[PDB]
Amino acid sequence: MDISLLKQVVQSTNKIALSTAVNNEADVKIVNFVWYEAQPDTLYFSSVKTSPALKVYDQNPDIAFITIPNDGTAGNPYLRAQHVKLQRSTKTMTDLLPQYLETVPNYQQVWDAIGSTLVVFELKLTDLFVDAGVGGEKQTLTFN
């Protein structure tokens, strides 16, 4: 399946508003994420193992998200999804760290401070809306 538009948009964001509805309580948090073209249906993020958040996340709820463009990126591009499966990943932060360092400003100091306490989660997509923004195209993708 042709993920070129997804690739166009994901290049200019490194964070999502990640929302939950466990026990019918709305919550939204902004977290950084990383993404790899070989596994295009998956976004990865990490949380501190003592955080109240990681506590909702470990119930493996279905979640919604929307990306936020990097500072300096005009045009309003974004990705948006609901019914996203959420679970702990087999990837570790050691696996993901190069991509974090490449894409998330000042992440080295975060890793150095709290890295050993981070747990990796993955977000598995079914349907995804993709909008390249001003001058660009829009589509939906559905992953198997």
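In this text, residue numbers run from 1 along the sequence as written.
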Comparing mean C-alpha B factor in the record for 28-36 and 49-57, the higher one is 49-57
Third of the chain's Cα B-factor distribution that residue 88 belongs to, per the entry
highest
Entry-reported C-alpha B-factor of residue 98 relative to its chain, by third, is lowest
Third of the chain's Cα B-factor distribution that residue 42 belongs to, per the entry:
middle
Using the B-factor values recorded in the entry, state whether the Cα atom of residue 12 falls in the lowest, middle or highest third among the modelled residues of its chain.
middle
Residue 134: C-alpha B-factor third of its chain, per the entry, is the highest
